[PDB]
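Chemist:
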Amino acid sequence: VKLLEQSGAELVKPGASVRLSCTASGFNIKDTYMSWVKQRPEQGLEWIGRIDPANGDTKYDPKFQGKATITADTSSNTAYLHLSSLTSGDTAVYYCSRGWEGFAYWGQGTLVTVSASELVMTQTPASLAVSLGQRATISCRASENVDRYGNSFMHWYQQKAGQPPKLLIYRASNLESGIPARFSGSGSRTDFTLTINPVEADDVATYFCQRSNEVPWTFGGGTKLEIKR
Amino acid sequence: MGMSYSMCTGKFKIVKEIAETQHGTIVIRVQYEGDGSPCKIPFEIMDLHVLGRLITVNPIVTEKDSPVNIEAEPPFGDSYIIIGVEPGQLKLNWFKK
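Here it is as structure tokens:
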């Protein structure tokens, strides 16, 4: 049974440090990259960094330098996230995620509560009101190329409340296994789109685009899909 | 026992960056997204005509979400690593300096 299990909720005093774990079962962590993702309440996904557990190579988004330290222990099949000198700005749900061509497997998330020349990913619209059965198009514009080996490393995710994100599309246009045919992707170079046709009641969620060709593996600002009122 | 696997019908994903060896070869780590696994991985190094060779004798996938290391010797200069069959076959542009 393939699963990523994270450690329980943390109550940290301001200025203190914390270390979160991500234990894998059914698969080996050394197989692919392991990333950590930050999500503040009602806000978008923030890619912290990634580890290659096989050699211990780490890469971070500049925003998390001097804050986050990602490690891995291959013997216990576990990846870790160390966060130093915590403030209210660090209060969020931290997710661990497996993969390169989109994050197919995600941990359940760990709540961390604190109490006493850069790449730009433009996701439009921020909110989209649509009637049941309508066609919905979500755009993602990257400031830099998302290409690697002549392929666009553009991925799309669906995120419902109180749940980790779900991979829909990988490599700009490829449908993830188990995802219904109503979801489709298109685009090249810097401009990309996600299409949901027809929109069902289960499609009410927040959608995110993401690049992974080169570090940082930046997510778009997100699109909240709602039903027309 | 008579080892016989059908050619994989589904899609493949690249798992890690293509790694170059010291003996002029490359290691492509892939995972299978389709059905019918265990199956034989369709693999060819071609132009935009076969240009490169396979080192890993019989590349096979055991199950889904289980990466497989494929060692191959690409030619010097431009080449295209073709993994799997259509629809959505993986085509990786490679340049060996």
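Protein chains in written order, with the authors' numbering: chain B, 2 to 117, 132 to 244; chain A, 295 to 342, 346 to 394.
The beta carbon of each residue, even a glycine, is placed where N, CA and C say it ideally should be.
Between which two residues does the beta strand (DSSP E) containing residue 192 of chain B stretch?
Modeler: Premise fails: residue 192 of chain B is in no beta strand (DSSP E) and is neither H nor E.
Chemist: So is residue 371 of chain A in contact with chain B if we call contact Cβ pairs under 9 Å?
Modeler: No, residue 371 of chain A lies away from the interface with chain B (no Cβ there is under 9 Å from its Cβ).
Chemist: Name the chain B residues that come within less than 9 Å of residue 394 of chain A, Cβ to Cβ?
Modeler: Neighbours of residue 394 of chain A on chain B: none; closest Cβ ~15 Å, over 9 Å.
Chemist: Does the separation of the CB atoms of residue 210 of chain B and residue 161 of chain B fall below 9 Å?
Modeler: Not in contact: residue 210 of chain B and residue 161 of chain B (Cβ atoms no closer than 9 Å).
Chemist: Please check the pair residue 169 of chain B and residue 207 of chain B, which I expect to be a contact at CB under 8 Å, by giving their CB distance rounded to whole angstroms.
Modeler: Indeed, because the Cβ distance is near 5 Å, the residues count as touching under 8 Å.
Chemist: Per DSSP, what kind of secondary structure is residue 64 of chain B in: helix, strand or coil?
Modeler: The answer is helix: DSSP assigns residue 64 of chain B an H, G or I state.
Chemist: Evaluate contact between the region 323-338 of chain A and the region 352-365 of chain A, counting only Cβ atoms and requiring at least three cross-stretch pairs below 8 Å.
Modeler: Contact between the region 323-338 of chain A and the region 352-365 of chain A is present, because at least three Cβ pairs lie under 8 Å.
Chemist: Does the region 34-42 of chain B come into contact with the region 368-383 of chain A, if we say contact requires no fewer than three beta-carbon pairs (one atom in each stretch) closer than 8 Å?
Modeler: These segments do not touch.
Chemist: Enumerated in chain order, which unbroken segments of the beta strand (DSSP E) with a length of 3 residues or greater are wholly contained in the region 13-77 of chain B?
Modeler: As far as the region 13-77 of chain B is concerned, its whole beta strand (DSSP E) runs of at least 3 residues are 19-26, 35-40, 47-53, 58-61 and 69-74.
Chemist: Below 7 Å on C-beta distance, what does residue 101 of chain B contact in chain A?
Modeler: The contacting residues are 308, 309 and 310.
Chemist: Please list, in chain order, the chain B residues whose beta carbon lies closer than 9 Å to that of residue 375 of chain A.
Modeler: None at all; the shortest Cβ gap to chain B is about 11 Å.
Chemist: Skipping 5 residues on each side, what residues in its chain have a beta carbon closer than 7 Å to that of residue 93 of chain B?
Modeler: Here the set comprises 39, 40, 41 and 113.
Chemist: Which residues in chain A have a C-beta closer than 7 Å to the C-beta of residue 75 of chain B? List them in chain order.
Modeler: In chain order: nothing, as chain A lies at least about 14 Å away.
Chemist: Evaluate contact between the region 146-158 of chain B and the region 183-197 of chain B, counting only Cβ atoms and requiring at least three cross-stretch pairs below 8 Å.
Modeler: Output reads no: the region 183-197 of chain B does not touch the region 146-158 of chain B.
Chemist: Looking at chain B, which residues of the region 348-368 of chain A have a Cβ within less than 8 Å of any of its Cβ atoms?
Modeler: So the list reads 361, 362, 363 and 364, given in the order they occur along the chain.
Chemist: With respect to the beta strand (DSSP E) encompassing residue 212 of chain B, which residues constitute its N-terminal and C-terminal limits?
Modeler: Looking at the DSSP string, residue 212 of chain B is not in any beta strand (DSSP E), and its letter there is neither H nor E.
Chemist: Between the beta-carbon of residue 381 of chain A and the beta-carbon of residue 335 of chain A, is there less than 9 Å?
Modeler: Their beta carbons are under 9 Å apart, which means residue 381 of chain A touches residue 335 of chain A by this criterion.
Chemist: Between A:313, A:320, A:333 and A:322, which has its C-alpha nearest residue 301 of chain A's C-alpha?
Modeler: Out of A:313, A:320, A:333 and A:322, A:333 has the C-alpha closest to the C-alpha of residue 301 of chain A.
Chemist: With DSSP as the reference, please indicate the residues paired to residue 220 of chain B in a beta bridge.
Modeler: B:240, per the DSSP bridge assignment.
Chemist: With distances taken from CA atoms, which of B:105, B:154 and B:238 is nearest residue 307 of chain A?
Modeler: Per the Cα distances, B:105.
Chemist: Below 7 Å on C-beta distance, what does residue 334 of chain A contact in chain B?
Modeler: Result: empty, since nearest Cβ-Cβ is about 19 Å, beyond 7 Å.
Chemist: Counting only the same chain and skipping the five closest in sequence on each side, list residues whose C-beta sits under 8 Å from that of residue 141 of chain B.
Modeler: Only 236, 237, 238 and 239 meet the Cβ criterion.
Chemist: Please report whether the beta-carbon of residue 271 of chain B lies at a distance below 9 Å from any beta-carbon of chain A.
Modeler: Chain B is shown only over 2 to 244; residue 271 of chain B falls outside these bounds and no answer can be derived.
Chemist: When the distance is taken between beta carbons, is residue 56 of chain B closer than 9 Å to residue 167 of chain B?
Modeler: Not a contact, by the Cβ cut-off of 9 Å.
Chemist: When DSSP labels each residue in this structure, what does residue 90 of chain B get in the three-state scheme?
Modeler: Note: residue 90 of chain B maps to helix in three-state DSSP.
Chemist: By the 10 Å Cβ neighbour count, where 16 or more other Cβ atoms means buried, how is residue 186 of chain B classified, buried or exposed?
Modeler: By the 10 Å Cβ count, residue 186 of chain B comes out buried.
Chemist: Any beta-carbon of chain B closer than 9 Å to the one on residue 327 of chain A?
Modeler: Yes, its Cβ sits closer than 9 Å to a Cβ of chain B.
Chemist: Give the secondary structure of residue 83 of chain B by DSSP, where H, G and I count as helix, E and B as strand, and everything else as coil.
Modeler: In this structure, residue 83 of chain B counts as strand in the three-state DSSP scheme.
Chemist: Is the beta carbon of residue 231 of chain B less than 9 Å from the beta carbon of residue 63 of chain B?
Modeler: Yes, the pair counts as a contact, with Cβ atoms nearer than the cut-off.
Chemist: If you check the beta carbons only, do residue 321 of chain A and residue 368 of chain A fall under 9 Å apart?
Modeler: The answer is yes: Cβ separation under 9 Å.
Chemist: Between the C-alpha atoms of residue 379 of chain A and residue 221 of chain B, what's the straight-line distance to the nearest angstrom?
Modeler: Going by the C-alpha atoms only, they are around 35 Å apart.
Chemist: Please confirm whether residue 304 of chain A has its beta-carbon closer than 9 Å to some beta-carbon of chain E.
Modeler: The question asks about chain E, but that chain is absent: this structure's protein chains are B and A.
Chemist: By the 10 Å Cβ neighbour count, where 16 or more other Cβ atoms means buried, how is residue 195 of chain B classified, buried or exposed?
Modeler: Under this definition residue 195 of chain B is an exposed residue.
Chemist: Could you tell me which of B:68, B:65, B:47 and B:23 sits nearest to residue 107 of chain B, measuring between CA atoms?
Modeler: Minimum Cα distance to residue 107 of chain B is reached at B:23.
Chemist: Counting only beta-carbon atoms, is residue 3 of chain B nearer than 9 Å to chain A?
Modeler: Cβ-Cβ to chain A under 9 Å: yes for residue 3 of chain B.
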